[PDB]
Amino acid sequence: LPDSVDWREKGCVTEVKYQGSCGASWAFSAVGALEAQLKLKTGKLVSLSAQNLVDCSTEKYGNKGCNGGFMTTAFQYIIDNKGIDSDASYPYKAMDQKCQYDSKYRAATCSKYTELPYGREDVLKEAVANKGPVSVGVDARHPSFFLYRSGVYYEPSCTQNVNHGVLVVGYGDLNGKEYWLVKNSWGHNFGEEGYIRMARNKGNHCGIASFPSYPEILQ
């Protein structure tokens, strides 16, 4: 297994997004993970629609749009819906709306998804190295998280009760500190150009490896 990866370097990560007041971090984590698989499969990097997930992957998938939801069930919707629209065709509005999915603008598809075992940072590392970026949840309910600007994030009072969806797009070590490279959905002004490096191999720090999952686009 490699010592560092960074999927941005293989043009598999889209630009950082800005969720704003709507609690759709889950949807941004989901589309992030699938964007990468679409690139690998097709060579084309296209931002997929979070608003589509918010509007259409709803109570039938255990989701509540701007009030929260899960990546796993988002991935199921895309399997069930037999498609997801492009961001360009179904733009993010940071509010709940009627479902406006149109298969004419389908930009990707999803065949299956996998969940990783809880708390297994060795397994998460393997998946990130061998499969692509991985959707995870983190415990982001801490002032130090919102105020993070750079370096390797470590919060002594972090828990493994995750509440905020993000994308693991790499890992590495910086000056002795092992980290995971995490794309967030708070725009470019957050952290390191929209990214946060987070403590790795520090006992499932902030629950980063509590609920990982990733999609696959077959055939």
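Note that residue numbering begins at 1 and tracks the sequence as displayed.
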10 to 18 or 207 to 215, whichever carries the higher mean Cα B-factor: 10 to 18
Comparing 169 to 177 with 185 to 193, which has the greater mean CA B-factor as deposited? 169 to 177
Note to self: of 42, 47, 150, 51, the C-alpha temperature factor tops out at 42
Which third of the chain holds residue 83 when residues are ordered by C-alpha B factor: lowest, middle or highest? highest
By the record's CA B-factor, is residue 27 among the lowest, middle or highest third of residues in the chain? lowest
Tell me, lowest, middle or highest third: where does the Cα B factor of residue 105 rank within its chain? highest
Third of chain Cα B-factors occupied by residue 123: middle
In terms of the chain's CA B-factor thirds, is residue 135 lowest, middle or highest? lowest
